[PDB]
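Worksheet: the structure to be examined is printed underneath.
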C-alpha cells in the first residue's frame, strides 16, 4: 500500500540516523564493530514506531530517538541470536561473532543496550525508560522459555519477539504526545509481534529442513507432522488480527491512516511470506 | 573495622539466597553458579558500610548491595564467554556454545532485574546513573581485549565503574542526596586501587604464559623489577586523591577513622590470598 512506500522512506531515514549515531560516537574504537552489527536491516520495528507516531497526530521528527534505539536494540539481539544458534551468515554477510569472536560482540552488545536505553530516556523521560527495562527483562524471560518450549507457545513468542514490538508501538505514544494511549499501544505491538512471529515460524517450516528448525517454531511440529500447520497458524493469525482490529477502533488514530493501520497485519504477514 | 564486613557479608549471603530462591526457574542455566561465583562481597559490603557511615539505616542498603552483587556476577559471567577456535571437535565444542548461551541469557535477565531493584528502592535518578555505570563497565572490557589502552583510564571503566556504583548508591540510601557526586569519586579511586593491586597479584603468583588485558601494558615494568615500582607509585598516588576527598565529605563522627583504613584493607585483602 502506501505502507510499503512509507517503509522505504523510514528505512532510509533510520539508516541515516544510525550513521549520525556512529560517527558522533566519541568511543572511537567501538564504532568499527558497532557499525557491522547495525549495518543492514529492513528496520520494520523502527518504521512501525515512526508510523504510529504520525498516525496518532505527532511529528515524525519526534519518533527519531525511539526509532534509533529500537533498531539498535533489535540489531544487538540478532548478533546474539546468531551466537546462540551459532549461525555464520546474516543474509548477505558473515556473522558478527564469525568476524570478531563471541567475546567482542557480546561486550559490544552489553554496551549498545544501555546506550539505546539512554537515548530513550533523553528523548522521552523516565516512564518510557522503565517501560523499556521491563520489556528487556520480558525478552530475556522469553529466550529462556524458548529453551523448554514444551508449552505456552503464544506467551513464549509474546515475550521473546513481542516485547520489542510493544516497545516500538508504546514509544510512539510518548513521541506523539498521546500518553493516554500507553496501554492500548502496548497491546497493539503485542498483537503485531505475535502475528509476526507465528508467521515467521510458519515460513520456517516451508523453507527449511525439519531438522534445522528449532526454537519456538519447534513447538509447532505436532501440527506440521499432521499436515495441520497452516490450519493452526491461520487460526492464531485470525484471532490476533480480530483482537487488533477491535482494539484500533477504540484508539484515537487519525482518520486518514485507519485503512493503512487496519492492513498492517497483512503487510507484516505477506512481507515474510514474499521473501520466502 | 571488620566488625561489619563479616556480619554484613553474611547478610548479603542471606539476601542473595532469598533472591536465588524466588527465581528457581533460571536454574535451567545454572544461575546460582553465577550469583555465587563471588563469595567475597567487597562491593556489596562496601555499599553498606559507606551508607550507615552517613546515618542511614542498615535497611536502606539492602537493594543496593543485592543489585550491586548481581551486576558483579553479570560482569564476571561475561568473562566466561569463550571464542571458538574452530580447531576443536564437534562434541567438545557443543558445550562451549551452550555455556556462551547460558551467559547470554542469565546476563540479559540479571541486569534489568538489578536495575529495577536499584530503581524500586532509590528512584529514577539512581536508576539513570546505574545504567551509565554498567555502560562503562562494558567499555572497560572491550578495551581490555587489546590495544594497550591507557592503563589508568582502561582500569577505571573495567573495575572502577562498578566500584563507583556501590559507593554512590549509599548516598541515595543515606538520603544525603548532595553527597551523591561525592561518593562516585570515592569508589573511583578505591576501584583503581583494587584492580592495580590485583593486577599485581597476577604479576607475582601467576603464570608466565597467562597475563593479559590491562595488566599486559605492565610489560615494561616486570622485565626490570620496575613493576613493583609502578604499583607503589600508583597506590599512594591515587590513595592521596582518596585520602583528600574523604575528610571533605561530611561522613560523620563514630565512623571517620576506619574509612581511611579501607585503601589498605583492600590491597592486603588481595596480597594475602597469594
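Chains as they are written, first to last, in the deposited numbering: chain A, 1 to 276; chain B, 3 to 276. Every residue gets a Cβ at the ideal spot worked out from N, C-alpha and C, and that includes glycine.
Check: Return the bridge partner residues of residue 89/A from the DSSP annotation.; Outcome: 94/A
Check: Quick check on DSSP: helix, strand or coil for residue 225/B?; Outcome: coil
Check: Among the candidates 11/A, 56/A and 22/A, whose CA atom is the shortest distance from the CA of residue 250/A?; Outcome: 56/A
Check: Counting only beta-carbon atoms, is residue 276/B nearer than 8 Å to chain A?; Outcome: no
Check: Does residue 256/A pass the burial test, meaning 16 or more other C-beta atoms within 10 Å, or should it be called exposed?; Outcome: exposed
Check: Taking 7 Å as the limit between beta carbons, can you name the residues of its chain near residue 139/B, skipping five residues before and five after?; Outcome: 77, 159, 163 and 164
Check: Please name the residues in the segment 120-150 of chain A whose beta-carbon is closer than 8 Å to at least one beta-carbon of chain B, in chain order.; Outcome: 121, 126, 129, 130, 133, 134, 136, 137, 139, 140, 141, 143, 144, 147 and 148
Check: By the three-class DSSP mapping on this structure, what secondary structure does residue 126/B have?; Outcome: helix
Check: Could you tell me whether the segment 42-57 of chain A touches the segment 10-17 of chain A, where touching means 3 or more Cβ pairs closer than 8 Å?; Outcome: yes
Check: Helix, strand or coil: which one does DSSP assign to residue 207/A?; Outcome: coil
Check: Could one say the Cβ of residue 170/A lies closer than 8 Å to chain B's Cβ atoms, at least one of them?; Outcome: no
Check: Given residue 167/B, which residues of its chain have a CB within under 6 Å of its CB, disregarding the five upstream and five downstream residues?; Outcome: 135
Check: By how many angstroms is the C-alpha of residue 39/B removed from the C-alpha of residue 101/B?; Outcome: 15 Å
Check: Roughly how many whole angstroms lie between the Cα atoms of residue 109/B and residue 80/B?; Outcome: 8 Å
Check: Kindly indicate which three-state DSSP category residue 242/B falls into: helix, strand or coil?; Outcome: helix
Check: Find out if the Cβ-Cβ distance for the pair residue 144/B, residue 30/A is shorter than 8 Å.; Outcome: yes
Check: Excluding five sequence neighbours on each side, which residues of the same chain lie with their C-beta closer than 8 Å to the C-beta of residue 280/A?; Outcome: The question about residue 280/A has no answer, for chain A in this structure spans 1 to 276.
Check: With a cut-off of 8 Å, does the C-beta of residue 115/B fall near any C-beta of chain A?; Outcome: yes
Check: Is the separation between the beta-carbon of residue 269/B and that of residue 244/B shorter than 8 Å?; Outcome: no
Check: Anything in chain A within Cβ reach of residue 1/B, meaning under 9 Å, just list it in chain order.; Outcome: Coverage of chain B is limited to positions 3 through 276, which leaves residue 1/B absent and any answer about it impossible.
Check: Measuring CB to CB, does residue 74/A end up less than 8 Å from residue 45/A?; Outcome: yes
Check: For residue 21/A, count neighbouring Cβ atoms within 10 angstroms of its own Cβ and tell me buried if that reaches 16, exposed if not.; Outcome: buried
Check: Below 8 Å between beta carbons: does that hold for residue 265/A and residue 192/A?; Outcome: yes
Check: Do we get a CB-CB distance below 8 Å when we pair residue 23/B with the residues of chain A?; Outcome: no
Check: Which residue marks the beginning of the alpha helix (DSSP H) containing residue 50/A, and which one marks its end?; Outcome: 44-55
Check: Excluding five sequence neighbours on each side, which residues of the same chain lie with their C-beta closer than 8 Å to the C-beta of residue 231/B?; Outcome: 223
Check: I'd like to know if residue 153/A contacts chain B, where contact means its C-beta is closer than 8 Å to some C-beta of that chain.; Outcome: no
Check: In the DSSP assignment, find the alpha helix (DSSP H) that holds residue 36/B and state where it starts and stops.; Outcome: 33-37
Check: Please confirm whether residue 103/B has its beta-carbon closer than 8 Å to some beta-carbon of chain A.; Outcome: yes
Check: Could you tell me the distance, in whole angstroms, from the CA atom of residue 154/B to the CA atom of residue 146/B?; Outcome: 12 Å
Check: I'd like to know whether the C-beta atoms of residue 120/B and residue 189/B end up nearer to each other than 8 Å.; Outcome: no
Check: Taking Cβ-Cβ distances shorter than 8 Å, what residues in chain A pair up with residue 111/B?; Outcome: 137, 140, 141 and 144
Check: In three-state terms, what does DSSP make of residue 74/B?; Outcome: helix
Check: For residue 84/A, name the three-state secondary structure that DSSP assigns.; Outcome: helix
Check: Assuming residue 220/B contacts residue 205/B under a Cβ cut-off of 8 Å, what Cβ separation, rounded to an integer in Å, is found between them?; Outcome: 6 Å
Check: When you compare the CB positions of residue 114/A and residue 133/B, do they come within less than 8 Å of one another, or not?; Outcome: yes
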